[PDB]
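A.B. asks: Have a look at this one before I ask anything.
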Amino acid sequence: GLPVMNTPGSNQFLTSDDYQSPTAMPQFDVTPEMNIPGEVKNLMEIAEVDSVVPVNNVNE
Amino acid sequence: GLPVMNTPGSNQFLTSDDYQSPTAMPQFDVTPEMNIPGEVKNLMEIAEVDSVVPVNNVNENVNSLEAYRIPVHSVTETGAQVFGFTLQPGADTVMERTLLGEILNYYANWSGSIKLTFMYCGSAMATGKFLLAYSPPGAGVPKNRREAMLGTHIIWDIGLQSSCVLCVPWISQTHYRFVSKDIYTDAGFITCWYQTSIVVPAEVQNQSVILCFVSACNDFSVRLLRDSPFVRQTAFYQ
Amino acid sequence: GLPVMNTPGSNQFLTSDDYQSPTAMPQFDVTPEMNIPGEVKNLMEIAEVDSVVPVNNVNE
Amino acid sequence: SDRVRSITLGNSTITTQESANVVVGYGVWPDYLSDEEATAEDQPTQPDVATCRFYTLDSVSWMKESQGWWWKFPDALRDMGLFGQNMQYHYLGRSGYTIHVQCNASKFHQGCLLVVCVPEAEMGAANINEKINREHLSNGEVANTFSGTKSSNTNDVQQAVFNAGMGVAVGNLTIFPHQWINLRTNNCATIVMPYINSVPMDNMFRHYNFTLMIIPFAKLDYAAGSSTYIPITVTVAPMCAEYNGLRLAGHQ
Amino acid sequence: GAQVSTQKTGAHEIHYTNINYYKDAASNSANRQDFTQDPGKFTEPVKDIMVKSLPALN
Amino acid sequence: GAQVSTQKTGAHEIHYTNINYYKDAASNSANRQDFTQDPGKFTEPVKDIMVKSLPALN
Amino acid sequence: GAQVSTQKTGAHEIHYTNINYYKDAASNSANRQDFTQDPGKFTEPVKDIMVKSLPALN
Amino acid sequence: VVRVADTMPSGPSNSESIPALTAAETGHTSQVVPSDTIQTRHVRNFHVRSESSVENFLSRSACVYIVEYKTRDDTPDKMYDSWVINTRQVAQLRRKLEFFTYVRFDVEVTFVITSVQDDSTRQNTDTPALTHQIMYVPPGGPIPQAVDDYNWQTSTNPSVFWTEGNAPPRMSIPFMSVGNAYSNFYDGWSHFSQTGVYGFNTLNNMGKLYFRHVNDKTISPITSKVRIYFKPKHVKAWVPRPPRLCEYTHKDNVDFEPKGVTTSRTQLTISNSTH
Amino acid sequence: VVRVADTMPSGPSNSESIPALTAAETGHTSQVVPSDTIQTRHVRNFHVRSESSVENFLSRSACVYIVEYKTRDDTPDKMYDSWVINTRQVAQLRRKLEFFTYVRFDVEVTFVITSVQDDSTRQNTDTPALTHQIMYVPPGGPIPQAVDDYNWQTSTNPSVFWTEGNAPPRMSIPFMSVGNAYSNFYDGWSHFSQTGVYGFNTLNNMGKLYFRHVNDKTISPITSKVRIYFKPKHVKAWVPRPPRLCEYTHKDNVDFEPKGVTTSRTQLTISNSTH
Amino acid sequence: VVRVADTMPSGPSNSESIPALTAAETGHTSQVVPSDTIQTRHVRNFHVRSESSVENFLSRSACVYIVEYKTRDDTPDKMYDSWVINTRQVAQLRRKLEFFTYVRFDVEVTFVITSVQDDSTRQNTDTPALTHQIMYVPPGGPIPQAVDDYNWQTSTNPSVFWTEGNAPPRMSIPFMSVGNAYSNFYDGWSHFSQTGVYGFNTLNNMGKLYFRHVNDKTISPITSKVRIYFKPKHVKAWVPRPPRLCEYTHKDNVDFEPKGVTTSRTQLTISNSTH
Ligand SMILES: CCCCCCCCCCCCC/C=C/[C@H](O)[C@H](N)CO
Ligand SMILES: CCCCCCCCCCCCC/C=C/[C@H](O)[C@H](N)CO
Ligand SMILES: CCCCCCCCCCCCC/C=C/[C@H](O)[C@H](N)CO
């Protein structure tokens with residue numbers, strides 16, 4: 001067939017992999033998408049909200 | 001799927017591999033790049049800088065700063081030899097530890113010309129002349145000033161312009177020499193002789209000091225990587 | 001990844017192979033080429049030269 | 001001729017008559033920090049006359065047996081006027097420099113100095129697993145001194161001239177921006193030095209940016225009637241100095 | 001059926017190639033290049049918006 | 001999304017093919033074909049440059 | 001960056017595909033299709049050439 | 001394609017031009033070509049400064065540390081091993097990196113794992129293939145304290161698994177400095193009062209690796225030894241400096257004993273004699 | 001390519017503009033830029049909010065459960081193991097998912113299978129390579145009750161087979177909810193009379209996995225332990241909520257013991273003293 | 001596509017043309033075609049001088065040396081083996097290369113590694129897969145003197161690792177001569193006074209290989225024997241010369257014993273008799 005050569009890094013499982021993998025359920029009909037208020041696209045949207053600081057954390 | 005065939009050389013780790021490998025941290029935001037003065041894009045930019053040659057490495061002069069001083073003074077008759085070494089940038093003990101000797105000691109073949117610059121560090125009222133000869137091999141060492149003036153030489157007069165340049169020409173059989181020593185690629189002999197003596201007036205010191213420099217020209221090259229013969233460790237550095 | 005299938009003849013070493021193999025010294029500067037008289041491009045250039053025949057090969 | 005050079009930075013002027021040339025860094029002249037390379041967000045402080053001017057350090061005497069000297073340079077100007085005060089009140093500093101070294105003789109004296117300006121001269125110790133005190137790496141405007149042999153003092157730098165305190169060959173030390181003070185042609189050595197660091201601004205007490213080194217290769221020598229006392233005087237002027245992060249005075 | 005798009009590089013100083021191989025959209029790789037945001041529903045979630053210089057509760 | 005460039009060959013007597021496969025620039029191969037230089041900042045690092053034939057410190 | 005060339009076939013009765021994959025010219029396959037020759041330097045290596053019908057040493 | 005400079009021809013000269021007389025007191029390296037002093041011919045020079053670039057010089061894989069760990073022991077600390085990440089415990093890669101003061105490069109990391117059956121009474125076993133785990137902890141993460149600790153889950157930390165007999169594991173790592181270049185040397189202190197530690201030990205802060213066997217307690221001890229190979233690629237380098245003469249002593253400081261500058265000759269003038 | 005906002009320069013001001021005075025009583029977060037209070041310079045800022053997105057934050061593989069089963073036993077229930085599928089038995093992936101109330105994502109499942117020879121008298125065997133079977137049962141299917149049960153045929157159920165020594169098995173799974181988002185929290189009952197169970201245990205209903213050795217009864221016991229790694233990809237997330245302070249107790253409820261809000265200081269004003 | 005020359009037809013002739021009379025005393029090979037002497041017909045000839053070219057003749061992999069080394073011994077020099085690199089220890093590849101005086105070719109190197117368990121008392125072991133290391137030292141590098149020596153790190157030297165059971169390792173090597181062609185014969189001395197060594201031993205200088213087992217001391221001796229296969233490709237060849245009649249003796253010189261020119265006939269004229 002086609003001659004190929006395996007590099008180092010073959011047959012490993014890295015946690016930050018971004019490859020493609022076959023579905024266990026082909027042609028599965030996903031339920032439709034509904035517009036829900038309050039979508040988060042970035043945690044920096046959350047981190048810009050004011051929240052109270054416990055300054056008086058002194059001995060119980 | 002696609003039928004493929006594995007060749008020899010599969011599943012090995014070669015040190016000089018140039019393949020692609022997946023990142024352990026995807027989408028990692030690298031810090032921005034800042035313009036810093038003094039960027040090196042080639043080690044040949046470093047190897048073209050002058051640096052001082054320890055000519056006087058004679059029997060415990062290396063454990064001081066005296067190894068750089070070439071002693072010179074007024075002579076009795078004329079025509080004596082000042083110093084001398086062999087043109088081996090990387091195997092000769094004189095220019096072994098120089099910057100050209102270090103960078104050439106990370107390589108195995110070299111090619112191109114070599115500048116030798118001599119700075120006279122004596123007094124402003126003293127004069128003198130010298131003969132800076134290069135002799136390609138095949139004969140032996142020139143044993144007097146008569147046999148030295150038959151090669152590539154230059155007469156240097158000491159005046160206002162305090163330094164001379166002996167530019168050693170590239171004269172070779174092949175295109176590249178070897179950095180280590182062998183009989184086939186031998187390069188020659190650098191020698192220095194008294195043309196006329198050092199004439200000095202009264203109440204001025206007689207013995208003075210010549211400093212020596214080495215660098216590469218604009219036609220210089222190195223070819224084969226290897227490890228330096230200088231690195232010697234036994235255990236780890238805990 | 002890409003689904004592939006190994007044929008017979010995989011992982012063998014044939015002496016008459018004509019494949020590609022990675023260099024042990026990448027970016028090695030080869031010395032230049034010099035025109036030398038007497039280049040041979042074919043052994044049939046050699047076999048067309050006259051050469052003497054030992055006809056009298058009789059008992060020492 | 002081109003041997004006469006004049007330099008004016010602020011209210012201080014140096015006129016020399018036997019200069020050689022001026023080495024300018026790695027080709028780069030000192031300039032201010034642009035908005036593309038900037039990191040902090042607040043307005044800097046640019047005094048530009050009260051700061052950018054020549055400060056004269058201590059003169060050191062050069063005998064026949066002297067071995068060398070060094071000064072650390074964001075730290076030798078700790079107590080030099082408004083440069084030192086603006087160092088003490090701010091957190092981030094950024095400047096270039098101009099190092100001019102005076103040494104004079106006659107036409108009967110001989111000798112040769114090497115004026116090197118070494119970035120990140122991280123020095124060794126006299127004892128290998130020992131800590132160096134800060135009074136021996138730097139002392140302000142008072143110079144430290146190399147030694148000719150293997151020094152083995154307590155809490156001190158390894159002072160040997162053939163290793164420059166850093167563990168290299170001292171002949172190979174000419175890769176840095178350097179000049180020579182040759183006593184038959186020279187009188188002075190001007191070195192313009194831009195800002196070289198891995199970050200755009202840095203604190204001027206916790207860091208040592210570079211190290212001036214003056215090492216005599218050809219030893220000083222003279223006859224039985226010439227003048228014995230020959231000083232060496234170093235003068236420095238910050239260039240394009242700016243400051244960021246104002247707070248109270250101190251360093252701890 | 002290939003698609004070319006830029007890589008994640010730094011500032012002040014690319015073009016990888018991707019081909020999808022499976023019949024479902026659930027086999028595709030992660031969409032790690034959507035850098036957009038809108039904090040107008042968490043910060044400023046009010047009627048009759050404020051102009052940042054007026055006393056605003058004037 | 002392929003790129004064709006010349007190989008390292010000798011003098012006096014090519015065109016390989018490279019395709020990048022990963023989404024980051026840190027996965028690419030080494031850039032072993034930049035042969036340029038500039039020794040004007042190590043040699044000749046001075047103000048008021050010298051003309052190589054004049055006495056230069058004249 | 002592909003190249004198409006003919007195969008070694010017989011007489012009286014093709015077009016393979018080759019792509020180079022490595023950055024050096026020393027990784028390429030063998031050049032087994034140069035069938036040219038010149039026996040003019042081994043046979044006939046003389047000055048004042050001979051015309052094959054004349055006595056030639058006439 | 002950038003060649004070296006050709007040699008131009010020259011003839012006899014007699015004038016007030018003096019290319020050989022210069023002054024190195026200005027810190028200036030003379031640009032003297034051999035066609036300025038002697039009579040040279042015309043040489044078309046085809047040499048290429050190719051294998052001397054900063055990319056070709058440093059981009060070679062180099063062993064940086066040896067990591068040893070076992071598969072069954074009495075003490076649990078000898079069943080896993082760790083290493084604070086630095087490039088300064090092998091003198092070859094360290095001395096190659098210390099040509100420059102600041103560097104900027106991507107890293108390519110390759111692990112070579114070998115297993116040796118230890119000496120015991122019950123060496124006649126049938127052991128299945130060992131699987132090793134190499135977990136990288138960014139600076140500040142939780143530290144595992146046993147082989148069975150629950151910090152080995154790698155929910156966020158990068159990790160790699162290798163089954164015995166395959167190719168070595170390889171991953172790439174981007175530029176991870178908080179500044180603009182990896183500072184090879186740092187001349188300064190850690191505290192603002194100029195106390196603490198002196199040297200580059202303040203700016204290391206790169207994290208640390210962890211190694212264990214994924215398999216449980218086996219019935220025979222096996223010593224694993226994994227070697228880490230760094231390959232610096234995509235290299236930029238700034239402000240060079242002379243190479244080190246003296247032999248190193250430690251990883252955290254730069255300290256030394258004084259060494260002679262070069263090897264002695266015992267004479268100063270050559271001759272045709274026993275030289 | 002979306003940058004963060006630059007800092008614009010400002011000068012001295014004296015007017016009735018008051019950007020610093022606001023009222024947080026309207027539930028409004030003030031949009032005060034540092035160029036509104038102090039004098040700032042112009043900074044071209046090149047930072048990218050890249051590795052803070054909801055896709056980059058959750059798309060990491062995480063161990064969710066450990067499954068242990070053997071290859072020969074006296075009791076047949078210890079030769080296979082099962083797991084009711086939930087993401088709420090490891091606190092790291094659970095606490096990362098509980099930033100939001102509703103989520104929508106495709107799943108990428110990876111199994112890591114390791115085998116350990118148990119302690120016995122006859123450890124000196126020659127065992128061929130084990131093959132494991134991982135069968136997923138959608139909610140309502142038939143349940144196997146032995147390793148030799150005829151429900152292991154996988155005529156309709158998805159399954160995967162792995163031979164020892166290969167790469168880990170990996171498959172992708174689409175969005176399987178009967179509603180429009182995976183409800184991380186459900187405030188409600190199961191029965192319409194508001195009795196039954198309280199919490200998210202009503203809406204779990206995802207099926208359950210089954211694990212066995214395809215090989216038959218071996219002559220030595222071997223303990224297999226397979227670890228399940230979930231990777232949420234193609235992520236959408238809605239209506240955020242504060243992270244959990246207290247340590248979890250169970251998988252099916254949300255219950256806790258009260259924990260202090262933060263760590264104590266024992267003083268209220270800083271000083272230059274022992275602080 | 002280059003054919004051989006066709007045969008052109010001819011007829012009867014009677015003239016002063018004499019193609020058969022020539023003089024070989026000028027060193028000239030006669031260009032006599034068979035259509036110059038006898039009557040020939042027209043033959044369209046389709047033969048191709050294809051498998052006689054210098055590329056097709058030399059580009060075959062050939063065993064050049066056998067290298068033997070063990071995995072545990074009393075003496076440490078028998079646990080690794082080395083070989084000074086030459087093509088002149090097997091007579092087949094040497095006699096194929098000695099058709100020409102100067103050659104220029106790229107090399108393709110393939111190693112075939114086989115392992116044999118040595119005879120001992122404790123042959124009943126369970127040995128994991130051996131991994132071998134083949135390190136090439138360019139001329140001048142440091143030499144390892146043990147299997148545990150620290151010169152085996154391959155920080156700059158090329159190396160290759162092979163796990164048992166895979167395909168043979170293969171790498172390509174460019175043209176490495178310091179001159180313009182590999183001098184197969186060198187008629188000259190080493191020293192300028194015409195003393196020293198005589199022959200091609202001065203111009204060899206190609207480096208040397210090193211072989212060891214990456215694994216540590218095993219509990220049973222195993223003898224590894226690796227065979228080196230050279231394949232000359234990208235071939236140019238100059239100034240041919242007659243093949244060798246006599247059998248070789250050594251690798252470093254060309255010396256021999258005189259051999260007869262050919263095999264004897266014992267008569268000089270053929271007949272229809274016992275011939
Ligand atoms: C398990 C996957 C990730 C593997 C992590 C291993 C290495 C992590 C650190 C990457 C390499 C940094 C090494 C140090 C770089 C510089 O050379 C030093 N700061 C000194 O110059
Ligand atoms: C054998 C092939 C199929 C493998 C089946 C294994 C997993 C099956 C379920 C897919 C993943 C669903 C996990 C739960 C998703 C949500 O996080 C929870 N409902 C809670 O948010
Ligand atoms: C480990 C990777 C590198 C492998 C190194 C093995 C071989 C190194 C030398 C390459 C081949 C040169 C062999 C000699 C060539 C010529 O035939 C001879 N000089 C005689 O003609």
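As shown in the structure tokens, the chain order sets the letters A, B, ...; within each chain, residues go from 1, and ligands are also counted from 1 in the order they appear.
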Step by step, measure atom-to-atom distances between ligand 1 and each residue using only C-alpha atoms and all ligand atoms, keep those at most 7 Å, then write them as a list in words.

C.D. replies: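 Checking only C-alpha atoms and all ligand atoms against ligand 1 at 7 Å gives residues 24 of chain B; 85, 86, 87, 97, 107, 109, 134, 135, 136, 158, 159, 160, 171, 173, 182, 183, 184, 204, 206, 207 and 209 of chain H.
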
A.B. asks: Per residue of chain F within 10 Å of chain H, record the nearest atom pair and its distance in Å to one decimal, counting only C-alpha atoms, with rows in chain order and ascending residue number, as a Markdown table.

C.D. replies:
| residue | atom | partner | partner_atom | distance |
| --- | --- | --- | --- | --- |
| F:6 | CA | H:1 | CA | 9.9 |
| F:8 | CA | H:1 | CA | 9.2 |
| F:10 | CA | H:46 | CA | 8.8 |
| F:11 | CA | H:46 | CA | 6.7 |
| F:12 | CA | H:46 | CA | 8.8 |
| F:24 | CA | H:174 | CA | 9.0 |
| F:25 | CA | H:174 | CA | 8.3 |
| F:26 | CA | H:174 | CA | 5.3 |
| F:27 | CA | H:172 | CA | 5.9 |
| F:28 | CA | H:234 | CA | 8.7 |
| F:29 | CA | H:233 | CA | 7.8 |
| F:30 | CA | H:233 | CA | 5.6 |
| F:31 | CA | H:234 | CA | 6.6 |
| F:32 | CA | H:55 | CA | 6.2 |
| F:33 | CA | H:50 | CA | 7.6 |
| F:34 | CA | H:53 | CA | 7.8 |
| F:35 | CA | H:50 | CA | 5.8 |
| F:36 | CA | H:2 | CA | 6.8 |
| F:37 | CA | H:53 | CA | 8.8 |
| F:42 | CA | H:29 | CA | 8.3 |
| F:43 | CA | H:29 | CA | 5.2 |
| F:44 | CA | H:28 | CA | 5.2 |
| F:45 | CA | H:28 | CA | 6.7 |
| F:46 | CA | H:28 | CA | 7.2 |
| F:47 | CA | H:26 | CA | 10.0 |
| F:49 | CA | H:28 | CA | 9.6 |
| F:50 | CA | H:28 | CA | 9.2 |
| F:51 | CA | H:19 | CA | 9.3 |
| F:52 | CA | H:19 | CA | 5.7 |
| F:53 | CA | H:17 | CA | 5.1 |
| F:54 | CA | H:17 | CA | 6.6 |
| F:55 | CA | H:22 | CA | 6.9 |
| F:56 | CA | H:22 | CA | 7.0 |
| F:57 | CA | H:23 | CA | 7.2 |
| F:58 | CA | H:22 | CA | 9.7 |

A.B. asks: Please identify the helix (DSSP H, G or I) residues within chain A (assignment by DSSP from backbone atoms) and present them as JSON, numbers by chain.

C.D. replies: {"A": [43, 44, 45, 46, 47]}

A.B. asks: Given the choices J:258, J:9, J:165, J:142, which gets closest to chain H if the distance is worked out from only C-alpha atoms?

C.D. replies: J:165

A.B. asks: Any idea which chain B residues end up within 8 Å of chain A if we count only C-alpha atoms, as a compact mmCIF listing (two decimals) with N, CA, C and O atoms, in the first residue's frame please?

C.D. replies:
# COMPACT_ATOMS: atom_id res chain seq x y z
N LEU B 2 -6.95 2.85 4.07
CA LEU B 2 -5.95 3.02 3.03
C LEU B 2 -4.82 2.01 3.23
O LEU B 2 -4.25 1.94 4.32
N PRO B 3 -4.49 1.21 2.22
CA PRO B 3 -3.40 0.24 2.39
C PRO B 3 -2.05 0.92 2.30
O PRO B 3 -1.75 1.61 1.32
N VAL B 4 -1.22 0.70 3.32
CA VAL B 4 0.06 1.38 3.45
C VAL B 4 1.10 0.31 3.76
O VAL B 4 0.77 -0.82 4.12
N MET B 5 2.37 0.66 3.60
CA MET B 5 3.45 -0.28 3.84
C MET B 5 4.56 0.41 4.62
O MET B 5 5.00 1.49 4.24
N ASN B 6 5.00 -0.23 5.70
CA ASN B 6 6.03 0.35 6.55
C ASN B 6 7.42 0.04 6.00
O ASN B 6 7.74 -1.12 5.73
N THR B 7 8.23 1.07 5.87
CA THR B 7 9.60 0.94 5.40
C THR B 7 10.53 0.70 6.58
O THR B 7 10.13 0.85 7.73
N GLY B 9 13.36 1.92 9.12
CA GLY B 9 13.42 3.23 9.73
C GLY B 9 12.17 3.62 10.48
O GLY B 9 12.12 4.73 11.03
N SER B 10 11.16 2.76 10.51
CA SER B 10 9.96 3.01 11.28
C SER B 10 10.23 2.77 12.75
O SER B 10 11.08 1.96 13.11
N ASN B 11 9.52 3.53 13.60
CA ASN B 11 9.50 3.36 15.06
C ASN B 11 10.88 3.54 15.69
O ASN B 11 11.17 2.96 16.74
N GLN B 12 11.75 4.34 15.08
CA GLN B 12 13.04 4.65 15.66
C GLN B 12 13.05 6.10 16.10
O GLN B 12 12.21 6.91 15.69
N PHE B 13 14.01 6.42 16.96
CA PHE B 13 14.25 7.79 17.41
C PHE B 13 15.64 8.20 16.96
O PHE B 13 16.64 7.78 17.55
N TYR B 19 10.52 16.16 12.42
CA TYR B 19 9.13 15.84 12.15
C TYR B 19 8.22 16.79 12.92
O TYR B 19 8.66 17.79 13.49
N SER B 21 5.05 17.12 15.89
CA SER B 21 4.66 16.47 17.12
C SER B 21 3.61 17.32 17.82
O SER B 21 3.70 18.55 17.82
N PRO B 22 2.60 16.69 18.43
CA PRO B 22 1.48 17.46 18.95
C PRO B 22 1.84 18.20 20.23
O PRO B 22 2.66 17.74 21.03
N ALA B 24 1.54 19.67 23.96
CA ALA B 24 0.97 19.28 25.23
C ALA B 24 0.03 20.33 25.80
O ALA B 24 -0.80 20.00 26.65
N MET B 25 0.13 21.57 25.34
CA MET B 25 -0.73 22.67 25.79
C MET B 25 -1.30 23.35 24.56
O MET B 25 -0.68 24.26 24.00
N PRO B 26 -2.48 22.93 24.11
CA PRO B 26 -3.07 23.55 22.92
C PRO B 26 -3.59 24.94 23.24
O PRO B 26 -4.04 25.21 24.35
